[PDB]
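J.:
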Amino acid sequence: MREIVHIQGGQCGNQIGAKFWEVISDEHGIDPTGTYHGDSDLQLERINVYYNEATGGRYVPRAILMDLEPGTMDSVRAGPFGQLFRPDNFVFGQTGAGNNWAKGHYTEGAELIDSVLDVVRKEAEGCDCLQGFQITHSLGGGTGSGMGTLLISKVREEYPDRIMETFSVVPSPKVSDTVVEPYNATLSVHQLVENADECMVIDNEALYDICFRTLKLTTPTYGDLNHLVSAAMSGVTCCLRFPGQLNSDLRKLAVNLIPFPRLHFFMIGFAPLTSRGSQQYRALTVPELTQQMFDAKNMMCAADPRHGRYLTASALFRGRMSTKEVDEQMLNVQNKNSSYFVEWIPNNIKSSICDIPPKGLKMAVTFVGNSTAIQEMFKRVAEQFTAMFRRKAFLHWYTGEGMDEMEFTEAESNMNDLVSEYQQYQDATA
Amino acid sequence: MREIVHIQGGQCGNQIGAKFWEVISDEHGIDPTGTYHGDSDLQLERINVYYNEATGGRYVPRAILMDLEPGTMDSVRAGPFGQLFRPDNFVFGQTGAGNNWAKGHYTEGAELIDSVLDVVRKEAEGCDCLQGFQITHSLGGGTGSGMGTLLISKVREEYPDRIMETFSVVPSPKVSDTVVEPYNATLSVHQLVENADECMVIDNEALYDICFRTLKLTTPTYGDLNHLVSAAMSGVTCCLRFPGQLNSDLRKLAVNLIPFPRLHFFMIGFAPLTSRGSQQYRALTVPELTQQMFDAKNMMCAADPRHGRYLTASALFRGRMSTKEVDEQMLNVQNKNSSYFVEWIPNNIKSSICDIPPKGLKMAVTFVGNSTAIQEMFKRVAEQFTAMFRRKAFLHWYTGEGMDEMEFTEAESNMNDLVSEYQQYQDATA
Amino acid sequence: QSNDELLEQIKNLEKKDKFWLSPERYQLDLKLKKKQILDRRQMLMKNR
Amino acid sequence: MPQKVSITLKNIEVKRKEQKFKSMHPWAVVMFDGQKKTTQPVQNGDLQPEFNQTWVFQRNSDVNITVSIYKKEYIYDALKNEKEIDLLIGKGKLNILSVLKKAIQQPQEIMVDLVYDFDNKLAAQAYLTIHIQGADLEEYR
Amino acid sequence: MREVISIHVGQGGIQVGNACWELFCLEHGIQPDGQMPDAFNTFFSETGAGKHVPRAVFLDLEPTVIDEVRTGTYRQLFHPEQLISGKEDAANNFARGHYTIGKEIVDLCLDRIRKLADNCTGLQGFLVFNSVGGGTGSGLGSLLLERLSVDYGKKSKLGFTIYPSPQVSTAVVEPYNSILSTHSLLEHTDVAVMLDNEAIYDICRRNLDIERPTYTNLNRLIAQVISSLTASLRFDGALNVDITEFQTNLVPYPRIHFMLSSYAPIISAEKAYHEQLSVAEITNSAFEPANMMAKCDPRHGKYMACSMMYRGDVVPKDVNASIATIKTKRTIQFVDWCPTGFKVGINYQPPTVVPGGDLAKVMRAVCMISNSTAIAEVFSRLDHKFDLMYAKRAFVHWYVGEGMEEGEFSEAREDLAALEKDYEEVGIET
Amino acid sequence: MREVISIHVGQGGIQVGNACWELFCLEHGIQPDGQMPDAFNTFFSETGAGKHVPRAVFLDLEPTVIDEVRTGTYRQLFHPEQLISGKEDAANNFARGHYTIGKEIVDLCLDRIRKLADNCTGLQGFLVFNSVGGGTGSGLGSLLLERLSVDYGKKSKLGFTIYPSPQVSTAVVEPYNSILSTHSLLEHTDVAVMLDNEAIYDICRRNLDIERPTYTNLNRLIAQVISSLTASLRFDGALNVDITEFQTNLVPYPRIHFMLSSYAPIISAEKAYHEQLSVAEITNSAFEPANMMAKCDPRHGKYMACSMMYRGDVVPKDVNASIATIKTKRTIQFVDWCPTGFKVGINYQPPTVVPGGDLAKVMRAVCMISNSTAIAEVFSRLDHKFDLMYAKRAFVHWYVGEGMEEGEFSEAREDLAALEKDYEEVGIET
Ligand SMILES: Nc1nc2c(ncn2[C@@H]2O[C@H](COP(=O)(O)OP(=O)(O)OP(=O)(O)O)[C@@H](O)[C@H]2O)c(=O)[nH]1
Ligand SMILES: Nc1nc2c(ncn2[C@@H]2O[C@H](COP(=O)(O)OP(=O)(O)OP(=O)(O)O)[C@@H](O)[C@H]2O)c(=O)[nH]1
Ligand SMILES: Nc1nc2c(ncn2[C@@H]2O[C@H](COP(=O)(O)OP(=O)(O)O)[C@@H](O)[C@H]2O)c(=O)[nH]1
Ligand SMILES: Nc1nc2c(ncn2[C@@H]2O[C@H](COP(=O)(O)OP(=O)(O)O)[C@@H](O)[C@H]2O)c(=O)[nH]1
Ligand SMILES: [Mg+2]
Ligand SMILES: [Mg+2]
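So the sequence lines, in the order shown, correspond to chains HD, ID, 3C, 3A, IE and HE.
The end of the first sequence is residue 430 by the entry's author numbering, with every number in the run present.
The end of the second sequence is residue 430 by the entry's author numbering, with every number in the run present.
The end of the third sequence is residue 337 by the entry's author numbering, with every number in the run present.
Taken in order, the fourth sequence gives residues 1 to 133, 135 to 142; the numbers are from the entry's author numbering.
Taken in order, the fifth sequence gives residues 1 to 37, 47 to 439; the numbers are from the entry's author numbering.
Taken in order, the sixth sequence gives residues 1 to 37, 47 to 439; the numbers are from the entry's author numbering.
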């Protein structure tokens, strides 16, 4: 019951899913052949959340994979746990977008999306009670940031009451791999605010910083960043698949973390994270988890959370632990940092406990906090956008496929209005 | 009891029968030598429907094979299960028609048909209780579309109360193999509406589309199209040869699917159909069968069924399953698609259940729906006919054998009247 | 068509049909629900 | 544009004396460029049936007018049912190119010999009036 | 029970008959002695024990070629008294072979034709071969066709005439007898195929890469075309075509039956296997204007109907997928009153290779017989050549003194003018 | 399902095509005979059984080079009739190869291009190679580009032109045809890469330590650059880049698409292994002005956008840590309206070594494609060279007498003046 379907688009989203599904399968004891080989009874009670049942007793994820080029899905199939995905759900084009947002949203993405919407509708109509959808995509690419966001609007138009999740990677100015990143980032943020019920920003720069400083491993690769993102993704829905002292589905988090409908851009972090050589030194206790949870360097975004004030915060503890300690520590982390918490909403931290810890760990915490410090990312994105747009650089590529500069002006104005009205509440006082 | 005889004409009809009889024999466990080697008792209880009994314990089909040239029947005899056919039933001429309708209906087909009518009369007078006749022929050929349709009128004149089936392949404009297809298609449709109790149109284009998209096999051949047509043919009379929860002979379908005597042109489809590589992924359930059954691409005709409204529909489920699920799913497929069902006749879907599934499959469904979307085929056929006739192209071949242009004008007018009065009920409201 | 016109058509069909669920009534109820969702969305957009 | 040819069948003169047809119901077929036109049967037709029928034909490519004359004859079948049959009296073919120059300026009266298909002997003569109703070849180029 | 009789008259006719009769004997496994060391029945007859006798007759007034035939390796094959030979040649004079010396020979040929026809039971039709630009060939072909049209009536006759090239010519008087023979066979032959030598020379030069071809290389290609045309009568195929099924599909009107042929692929073993020879590329090559077997440009006129034969392992769906591509192209346009113009035939037997020949062994081939409006150019240029010399009455005394009347030249000119007007009248849109 | 077609015209084009086609065959394991003793599909095509055929066509009017190709070890590889050859050379005259002899050859080349394109299903784009300072090369390249731009339209074409050196020159008239060809490809080619010989001579002398290089050593480096550019289409990588993803990242405006390349490391086996070849040092060497592949100084102008490809075991974090260092340096400054200008690609396959060549085997390499404002100097110096001789109308009679008009020289001068003004207008800060 109350299950969700997985939809991913683009190369970055496909690579994120290729590790997210591996993590989920390892958590539920599903072999790469789709056969259950788990140890505990609880591993099968709520498997309908992510997995479907077919004849022969094997399980198949309800994931939908879409891209405008076939290479990435032809590569993910040969990887581990690549056989679980149903071949029918693979939809792809023969041309690609070339990191051009217009091509992936107006000319090419519009004709292809009917086929993927057909299978999306097939998956949603069938399921017992829908909880919602979760979306993984990147804002630094053309086909992803175009087709995914248009699909968001199409899904929202047909299921207005369901919940919608988006895990979005925004292009940081530090590690830049594409010159046209500001254009399709700014165009995508315009559409994303209007339809997504929840959005979670993730930055490659913050992932590299975490890998270099906390884990202290010499050579980070995309596999480590994907693993961290996958652990963070799994931590959110853990209590929906396992029993606990205070169950809290996604809708309950939506109620408690979004004060106003347009303020739904969160930054997350996962604890504990320790190096291989120091994993024996540390002792896992609730104070040790909560001190690392609120650490500024532990956030999955380069945004500095002590440059603003938290509107609200959430924590999803895992493992068996006493609730009194959790509540007193949450109170203590809020009394010692009163300057960084907005004062006109008292008791702005939500907590939840799940009795099933991750495989290999005795305690774990997932942190989701809505803070005013996120304005800095939109500020720098808009700064680069307005630095590049004033000369109409690279504009002809977009304008040759039916798009105009008016949609750029409206997007810039709406993004600046969002930036302004997000900080409006930072200076608000009672 | 209530058995039927098989009559086929032309090359296309002979090739269809060459696989239909193989499928029937494999279903009843009859070896190509006519010896029963089946496993279940039910395989022999109602074998009198299609097979006769001779001395020595072997079985012989009551099929009649006719053509104006001997090549096709001289070739079908050397194929598998070719020895079952009685040599006496083979009737053929020495000249052929050359795809000319006039030659196969006025000059050559008139003299030969006495011999085949003799054996037809021998077969029908003898049988216990006649149910009716089923006819397989093609509308794209001369000898077939002429001699078969004249034989239809001759049979109807002598057995006015029996039921008559015709499985007719109409020439599509996409895959055209003969230039004179519109003439003998239009001439044949004129006679076919006046005498056939039921007609089922089949298109090669739709068969290629199905083979390429659903089965996803690389190289379709006529053997695959024949196999699909044969499975669809067998599915209709399954409950007449096997026990079931709600038996429904051909006459019961005739009562429930034909509202007015001139509206008896159906399009059919068979489910399930899955690729070899995905036959393990799918799980056979009633929802899975019914979602594929009403799929537009699954129809055996290129006509698009969401371009019109169903007057009525029928489904013949196979296998052992609960009736409550079937009824609720039929209700659900009719509540969610109220726009495509005519409103002045409520509850316009007929269902039937047979407890004996096809060999190798646990569940199967045959769909027969009378829809207003079939008008498009007659529209394009008449369009090509009037494009070619206005210049009197190829007319001398037909007019040199006693035919005139008046019979062409009457045929065109009657066909257009049929097209108009078939859509008259589409716009009708209560 | 106004929301009141659609409700009056539904009430007039309720007076004409002895059956609580005619196919025509079901289509009008679906039209009414779709419109109330659009009006609610327009009010939520005006309140932003 | 397709040229219009007006063909009037005036009368036919039957020359074959050995068939004293007791009551002839003669009727004629005029064919030109795949188009067929037929007269009504003349009641009590003598050896000289008059038709006086005019038809307009569209000319696409053919140059040949075919005239055929038939009579109705009633034959008893093997069951003594009266069966009406059309018996050909004669058939003739006229090439319109022979008369084209004059038939454009004014209606042309033309005799067409009708032969019987079995013996190729002169069976009858048809009297036709032919009237033919291009300037735009540079405009089309 | 299906038969066909081939008539060879003149030097060119006999030299192409030799070419086709090596190929047939090789294709049916019959040794040159006539002895095998049920498909043969179309071209041959069984003598009761041992050898097979061709259903062919060779005619010529000049004895050299027949004497060469009666001493070669094939001396034992042909019946000794069906190689009718004269004493005095017509010497390129048409009036000689139609009025003076051909009349005394034609009776023996007709007696031989009767003696061969009484043996056949399912006679499909006649084939005739004759080079048009010669006295005996054209004259005797005309006389034989005129006698056969009344002796047999409705039996179909096919003529593989070789018209002179536009500028290349061997004689100086061949336009006269070419025009007269066209007059004669216009109202007497059901099908006429164009075969001028210049186009085939260009084909050999471009594809076969032979810089010094002789007549044998041309005749082998013609023999291959004949074999491809008649394969459907003696081999099993998924989509058969008979000879009588032509005037109903390629001949819109009784006057218009001159069409031009093409063949593909034509390639040598030195570079054949480096490319895959897919069905799409061969069917594209067959429609190339440079691969026409007659030196006419199809781009200068409309198409009326295309009948095109395949043989090998071709699948119908691949054929349809290639007919669609051709309909797509803008450089090939069909006439307005013909929506579909393709008749397709598929056969399983691959083309056979002759040892020491030019063509290599391939698994797929295509032969097209296409009727197009552009053929009027050859008639116009032959007419222009005729008028130049007929203005001064040159070479006429060689014809008036052989019994022909003075006015006989004019009416052939009038019939050609009528044909040219008819071709223009048909090609205009409505 | 991704393909690309490479066009080689002229002596320099054919001699660099040979260089790239040893490298591709070596990299995919294909022997020179074409036989292997799924990545090949980008450059090759499967023939069904055995050999592979390159998707390349060789063009030249002068037969010597093609004859050398058709007798070397690679005689069996290329299809015999895609090595189009002429009879008479253009002899460094541009008007000859654009108006006199190139027109009669261009039709065969276009037919070959169509025959190669119909085979591909996912055609990414075209590659073309031509030395600019020659008659046939520049003229035929211009004509082919002009025909392709209208036959296909939006398909991408890439040009690897070799402009003359600042002072070193082999001809005396090459500025004229260089300017005319720049005129022709300015409005017709999507990407143009600079390749003058003097810079590569200096690279060989300084790094490879060869004091007597020949053309083969230059062509091997060019082949390595091509392989590095196209590696991402046929090998798995953490950060892929497609050809269509260029005009969205390197081309700010439609007129500006001339950029200059560089490669690193370039080192011999005698001293390669003594140093570690870290990613930082190779990415520093790639940006050195002395390692530009075209003799232009980047210190004289701003950068617009840098697209730079890695291959081997490079980790993204090390790439980011090196992009930061380059942004730090004060000697490299980017344009004001471009905050981020780097597009990064990472591939796993290390560069392959050719036996007997100059370069050694290394695990890391970097190839950069950089668009900079400093490129205007080559245009200015070519313009100055052109004006000196055009003042006195020298050598003009060799062009006017080959069909070219007198005024055609002036408009190329005006377009170069427009381009130089545009480059100055873009580089000024706002
Ligand atoms: N394709 C082809 N054409 C031929 C061949 N031999 C002759 N011709 C053509 O035939 C024309 C002349 O007619 P021929 O067949 O040579 O001689 P004929 O038909 O026997 O007539 P006579 O001269 O009276 O003997 C020439 O213009 C040639 O083009 C041949 O072997 N192959
Ligand atoms: N990089 C490089 N450049 C070459 C090579 N061969 C010739 N060139 C350049 O090409 C220029 C002249 O054009 P070519 O390619 O030699 O001759 P072409 O393009 O065939 O033109 P034609 O003279 O008409 O035959 C010279 O200035 C050379 O700099 C080569 O092998 N490598
Ligand atoms: N975490 C992670 N990020 C990736 C991976 N591959 C690419 N990216 C990021 O995705 C961005 C490029 O997105 P792109 O591949 O063009 O998206 P697309 O246009 O939808 O295919 C780069 O800035 C990378 O930082 C990966 O395997 N893992
Ligand atoms: N399904 C199927 N259709 C066929 C087969 N053979 C021919 N056809 C169809 O039949 C049509 C030609 O009919 P034809 O053979 O001329 O019928 P006939 O005149 O009675 O012999 C073609 O358009 C084909 O699509 C076959 O083996 N299977
Ligand atoms: Mg001779
Ligand atoms: Mg040269």
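From the three backbone atoms N, C-alpha and C, an ideal C-beta is built for every residue, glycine too.
If I'm right that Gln133 (chain 3A) touches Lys4 (chain 3A) with Cβ under 8 Å, what's the distance once you round it to whole angstroms?
T.: One-based indexing of the fourth sequence puts residue 133 (chain 3A) at position 133. One-based indexing of the fourth sequence puts residue 4 (chain 3A) at position 4. 4 Å between Cβ atoms; contact.
J.: Please list, in chain order, the residues of the segment 266-300 of chain ID that have any C-beta partner in chain HD closer than 8 Å.
T.: So the close ones are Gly277, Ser278, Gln280, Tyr281, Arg282, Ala283, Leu284, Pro287, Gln291.
J.: First and last residue of the beta strand (DSSP E) that includes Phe267 (chain IE)?
T.: Mapped onto the fifth sequence, residue 267 (chain IE) falls at position 258. That run of the beta strand (DSSP E) goes 267-273.
J.: Could one say the Cβ of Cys347 (chain HE) lies closer than 9 Å to chain HD's Cβ atoms, at least one of them?
T.: By 1-based counting over the sixth sequence, the position of residue 347 (chain HE) is 338. Yes, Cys347 (chain HE) counts as interfacial toward chain HD.
J.: Can you give me, in chain order, the residues of the segment 60-94 of chain 3A that have a beta carbon less than 7 Å from any beta carbon in chain ID?
T.: Within the segment 60-94 of chain 3A, the qualifying residues are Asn60.
J.: Is the Cβ of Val200 (chain IE) closer than 9 Å to any Cβ of chain ID?
T.: Position 191 of the fifth sequence, counting from 1, holds the residue named residue 200 (chain IE). Not an interface residue.
J.: Could you list which residues in chain ID have their beta carbon closer than 7 Å to that of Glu313 (chain 3C), in chain order?
T.: Stepping through the third sequence from its first residue, residue 313 (chain 3C) is reached at position 24. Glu343, listed in chain order.
J.: Any idea if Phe308 (chain 3C) is buried or exposed, counting beta-carbon neighbours within 10 angstroms, 16 or more meaning buried?
T.: Position 19 of the third sequence, counting from 1, holds the residue named residue 308 (chain 3C). Its Cβ having fewer than 16 others within 10 Å, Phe308 (chain 3C) is exposed.
J.: Among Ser187 (chain IE), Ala48 (chain IE), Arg84 (chain IE), whose alpha-carbon lies nearest the alpha-carbon of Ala104 (chain IE)?
T.: As a working mapping, residue 104 (chain IE) is identified with position 95 in the fifth sequence. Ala104 (chain IE) has its Cα closest to that of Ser187 (chain IE), out of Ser187 (chain IE), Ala48 (chain IE), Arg84 (chain IE).
J.: By how many angstroms is the C-alpha of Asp424 (chain IE) removed from the C-alpha of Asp431 (chain IE)?
T.: Mapped onto the fifth sequence, residue 431 (chain IE) falls at position 422. Mapped onto the fifth sequence, residue 424 (chain IE) falls at position 415. Going by the C-alpha atoms only, they are around 10 Å apart.
J.: For the alpha helix (DSSP H) that residue 40 (chain HE) lies in, which residues bound it at each end?
T.: Within the gap of chain HE, which runs from 37 to 47, lies residue 40 (chain HE), and it has no coordinates in the structure.
J.: How would you write the range of the alpha helix (DSSP H) that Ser389 (chain IE) sits in, first residue to last?
T.: Residue mapping note: residue 389 (chain IE) aligns to position 380 of the fifth sequence, counting from 1. Segment 385-399, the alpha helix (DSSP H) holding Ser389 (chain IE).
J.: Just to confirm the assignment, what range does the beta strand (DSSP E) spanning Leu189 (chain HE) have?
T.: Taking the sixth sequence and counting its residues from 1, one reaches residue 189 (chain HE) at position 180. Where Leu189 (chain HE) is concerned, there is no enclosing beta strand (DSSP E), although the alpha helix (DSSP H) it sits in stretches over 183-195.
J.: Are the segment 279-296 of chain ID and the segment 228-236 of chain ID touching, with three or more C-beta to C-beta distances below 8 Å?
T.: No, the segment 279-296 of chain ID is not in contact with the segment 228-236 of chain ID.
J.: Can you name the start and end residues of the beta strand (DSSP E) that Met299 (chain ID) belongs to?
T.: Reading the second sequence from its first residue, position 299 is the one you call residue 299 (chain ID). No beta strand (DSSP E) contains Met299 (chain ID), which DSSP labels as neither H nor E.
J.: Compute the distance between the beta-carbons of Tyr36 (chain HD) and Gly56 (chain HD), then report whether it is under 9 Å.
T.: The residue given as residue 36 (chain HD) occupies position 36 in the first sequence. The residue given as residue 56 (chain HD) occupies position 56 in the first sequence. Cβ distance not < 9 Å, so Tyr36 (chain HD) and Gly56 (chain HD) don't count as in contact.
J.: Give me the chain HD residues within the contact set of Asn249 (chain HE), using Cβ-Cβ distance strictly less than 8 Å, ordered along the chain.
T.: Within the sixth sequence, numbered from 1, the residue matching residue 249 (chain HE) stands at position 240. Those within 8 Å of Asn249 (chain HE) in chain HD are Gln11, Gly71, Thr72.
J.: Does DSSP put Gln358 (chain IE) in a helix, in a strand, or in coil?
T.: For the purposes of this step, residue 358 (chain IE) is taken as the residue at position 349 of the fifth sequence. The answer is coil: DSSP assigns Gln358 (chain IE) none of H, G, I, E or B.
J.: Does the beta-carbon of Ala63 (chain ID) have 16 or more other beta-carbons within 10 angstroms, so that it is buried, or is it exposed?
T.: On the second sequence, position 63 is the one that residue 63 (chain ID) refers to. Flag for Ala63 (chain ID) reads buried.
J.: Determine whether the Cβ of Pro259 (chain ID) lies closer than 9 Å to any Cβ atom of chain 3C.
T.: Numbered from its first residue, the second sequence carries residue 259 (chain ID) at position 259. No, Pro259 (chain ID) does not count as interfacial toward chain 3C.
J.: Are the CB atoms of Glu254 (chain IE) and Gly142 (chain ID) within a distance shorter than 9 Å?
T.: Walking along the second sequence from the start, residue 142 (chain ID) turns up at place 142. Walking along the fifth sequence from the start, residue 254 (chain IE) turns up at place 245. Cβ distance < 9 Å, so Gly142 (chain ID) and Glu254 (chain IE) count as in contact.
J.: For the segment 11-82 of chain ID, list the beta strand (DSSP E) runs that are entirely contained and at least 3 residues long, ordered along the chain.
T.: For the segment 11-82 of chain ID, whole beta strand (DSSP E) runs of length 3 or above, ordered along the chain, are 51-53, 59-61, 63-67.
J.: Could you name the residues of the segment 364-397 of chain IE whose beta carbon sits closer than 7 Å to any beta carbon of chain 3A, in the order they occur along the chain?
T.: Hits within the stretch: zero.
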